[PDB]
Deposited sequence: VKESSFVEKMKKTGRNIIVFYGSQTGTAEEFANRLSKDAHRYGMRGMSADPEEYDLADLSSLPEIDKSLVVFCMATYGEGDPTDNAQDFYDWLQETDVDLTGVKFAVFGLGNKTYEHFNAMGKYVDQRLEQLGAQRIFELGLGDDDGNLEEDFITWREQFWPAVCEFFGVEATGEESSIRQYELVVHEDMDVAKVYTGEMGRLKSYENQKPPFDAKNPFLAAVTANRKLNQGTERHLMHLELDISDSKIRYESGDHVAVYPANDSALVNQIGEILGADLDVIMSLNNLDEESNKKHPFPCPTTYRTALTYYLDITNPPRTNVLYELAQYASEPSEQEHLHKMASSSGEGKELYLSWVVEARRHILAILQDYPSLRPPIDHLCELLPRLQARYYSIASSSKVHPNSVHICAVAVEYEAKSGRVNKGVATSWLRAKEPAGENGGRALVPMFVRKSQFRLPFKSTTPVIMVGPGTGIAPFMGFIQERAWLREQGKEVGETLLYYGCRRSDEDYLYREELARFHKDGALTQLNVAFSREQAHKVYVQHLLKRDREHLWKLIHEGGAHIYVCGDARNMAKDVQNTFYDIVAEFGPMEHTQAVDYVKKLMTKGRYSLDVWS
């Protein structure tokens, strides 16, 4: 059920600039919001909208508004596909014939070079609209998350507005605090995501808005060493009605470290246990609150807000008014610079030093902002995803998670800890709000199809699922093909994940070949690519004659692309080909669903 034409919403609300956002983990939204807040005191007036709830065909009616401009802040996910919320826009856009002549636009893509289809989504919207007759007002920004998406945006945004002012010639808070002294507690959100008492009155089906509360059945340390901590949790989804398959992902809604929460209240001299509400007061908007209200400051900072990731430019700039010392006040105002020492200090003192909000406050004694303004500026705490480590056919009422607990010492001088991983780490077998989202990472249909799994480190997660299901089919008497696991870890006795289980699978015929590279047991580093190169001739027979499927799960920055280069080589060698010939052959494998990835950062 979608909303009424945004064109009418604009005409009725006196706005001319509308900014849609294709976002998954809320970054494109954070930008869309900042951009539509720029116009407000730059001559014009805009609004950020979710394309998933509007009919984008109404773009043709956009030019009915004088000086109209539409901006798209799109993120690309997977294999250059759109984000969930931008899916319907994508497909409409893809095969529509609506003449958008008169429509003015500007697009900002959010991507990451470590992936192949860099800003594939952004580039599409940009090229497409123009083909439909619309005119580009400003060049397509191509932000890169590998470097610094924040600085790419600050830069584009810096040239965008001046361009919008020339063409159009104009030449030129967001929330209210309502403390609720008198109010029943059963009307206060205690950190569910959907409706009130949803974590209590649990009703299927469960999803992003209505996450199920699975209780931790098991939580064991897979880690045999001590240097790191790798864990294995078994979540119970007994009567959730939830359906999952090997290769699917499971999101989890974490809770900020309470200790960090109480300190923010302390240093800021704020009472956290204050039932309150931040009403968006532009009375005519469907975005009434920044996060579920009414609720306390404590509940907000703990389940709804992001208090760990380094702050972005806009929040540092707004809090600058709260610095009593001019010296510090100016540093906050300068970190917003797209160049110069202000830009230098941001990347060093914040991004690189991994200074979260609390740190900034401790390292800048002047900063004593109001907690309500802080809760407005702070981005929302997102859910972390984990490749399911079990098979629905052997564990239908349980979702297994394999994860390495993040924790390191930052240049800020403080020990930072992973939000979800610390959380999950402490979950003594204790509910966990989760949901499940389908992927394309799947085993082949014909059990006879051989599979080559390359998963070093925690990238073995989805493979425990594939292996359980692969052995299960063998119990059914079905004819299973070769199942090869190319795993990798540091030292045999430090972090060999599922050593015992894998061994059991190998001898039971389930796991055809258990190939493990121990990168630190010798002087030279042995990696899974070396084992791949070692078995090149056989690998080629499977890939070339058996129609084998390859699955590379894990690190996206290095491992994934290194493994690709090896397959390019194996191909270029066993079927006489020049380099370039082999790369197209391999990419053609990805086209037919023969080479599947499940990488991250």
Could you list the ranges of the deposited sequence that have no C-alpha atoms in the model?
173 to 179, 437 to 443
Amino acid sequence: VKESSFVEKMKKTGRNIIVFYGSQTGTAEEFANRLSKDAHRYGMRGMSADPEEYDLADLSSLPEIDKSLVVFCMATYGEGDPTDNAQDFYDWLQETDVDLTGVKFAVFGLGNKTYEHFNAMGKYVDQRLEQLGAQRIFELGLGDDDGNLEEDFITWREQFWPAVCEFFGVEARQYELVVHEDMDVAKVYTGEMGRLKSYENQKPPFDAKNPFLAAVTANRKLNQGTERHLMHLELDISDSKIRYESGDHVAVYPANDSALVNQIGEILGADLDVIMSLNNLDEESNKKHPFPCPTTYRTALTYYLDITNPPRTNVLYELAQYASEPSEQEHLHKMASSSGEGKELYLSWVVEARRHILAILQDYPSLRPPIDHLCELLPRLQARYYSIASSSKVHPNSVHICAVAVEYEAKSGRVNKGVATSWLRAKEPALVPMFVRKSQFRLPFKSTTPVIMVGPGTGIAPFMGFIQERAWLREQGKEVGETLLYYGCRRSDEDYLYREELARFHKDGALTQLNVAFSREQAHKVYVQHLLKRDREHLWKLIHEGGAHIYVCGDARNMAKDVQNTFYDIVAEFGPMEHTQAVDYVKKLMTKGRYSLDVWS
From here on, numbers count along this sequence of modelled residues.
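Rigid core here is just the name for the largest C-alpha set that superposes within 1.5 Å across the two forms.
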Figure out for me whether 163 to 171 or 84 to 92 is the more displaced stretch in 5 other deposited structures of this protein, taking RMS C-alpha distance from the shown form once the rigid core is superposed.
163 to 171
Which of 36 to 44 and 22 to 30 strays further in 5 other deposited structures of this protein - Cα RMS after rigid core alignment
36 to 44
Comparing 536 to 544 with 551 to 559, the one whose average Cα B-factor in the PDB entry is higher
536 to 544
Mean Cα B-factor check, 330 to 338 vs 497 to 505, entry values; winner is 330 to 338
Between 248, 407, 116, 344, where does the Cα B-factor run highest in the record?
116
Per the coordinate record, which of the options 377, 452, 255, 367 holds the highest CA temperature factor?
367
Could you tell me which third, lowest, middle or highest, the C-alpha B-factor of residue 411 occupies within its chain?
middle
Residue 168 - which third its CA temperature factor falls in, relative to the rest of the chain
highest
Classify residue 304 as lowest, middle or highest third according to the C-alpha B-factor given in the PDB entry, relative to its own chain.
lowest
Consider only the C-alpha atoms of the modelled residues in this chain, order them by B-factor as the entry records it, and name the third containing residue 47: lowest, middle or highest.
middle
Can you work out whether the C-alpha temperature factor of residue 284 puts it in the lowest, middle or highest third of the chain?
highest
